[PDB]
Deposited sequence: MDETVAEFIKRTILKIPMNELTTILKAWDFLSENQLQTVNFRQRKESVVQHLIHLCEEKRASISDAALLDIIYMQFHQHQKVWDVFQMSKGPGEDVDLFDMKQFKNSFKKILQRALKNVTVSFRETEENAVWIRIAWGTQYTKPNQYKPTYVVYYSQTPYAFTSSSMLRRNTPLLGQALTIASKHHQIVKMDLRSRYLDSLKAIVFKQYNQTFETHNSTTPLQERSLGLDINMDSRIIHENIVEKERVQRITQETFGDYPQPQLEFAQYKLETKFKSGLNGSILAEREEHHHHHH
C-alpha cells in the first residue's frame, strides 16, 4: 500500500493499550481471526505492530480502512476530545443523508475524506478529514460528529483547525430534514453526560 497509509495505521495502532488491542482489532475485522491467532501479543509493541503491518501489506488496505480504525478507536477513547452540542430546527432515510452530506462537502471542497459507522440508538459516527481545492487532506487533524437520526441533535468534537465549521453545519442541516442550526450552551469533555441531559430535555421539554 501507499507509504502514507502504512505510517497512519502504525501510528494509530501504537496509541492503543495492550490491554485492549485485540478487541479493537476484532471490531475492525479487516484482519481475519486466523491471522490474529498467528500473532504474538507478548513481545514488545514495535514488533507486534511490525507484524500487523506486514499482514496489512499482504492484503490491500485503503485510507477507508484506516479511517474506520480511527473511528473505532475514538468510540472507546471519547474523553480524549472536547465535545460540543448543536441543535437543528424548522423541520429522509440514512442513505440519502449519507450521500447528501458527502456530496455537499465534495462540492465545496475538492479533496476530502468522509466515513460513517452505525451504532445503537440509531446513531451514526462521522469522521471528516479536511482538504482544500489545491492540497490533500490531513488525516491527523480530523473532525468527528455524532448524529442521532431520530433526534435533531448533533455533537461535535473540537478540532485544532477552524474555517470549516459553518460548512459542516450547513451540510448537516441540508442533508437532513431541517433548514437551520444553532449552538447550545453546553460543552464538556464527557460526551455521555451531554447526551443524557440533551435527551432528558428532548423527551421532557
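J.: Enumerate the deposited-sequence segments absent from the coordinates, judged by C-alpha atoms, in order of position.
T.: Unobserved in coordinates, per deposited numbering: 92 to 98, 213 to 295.
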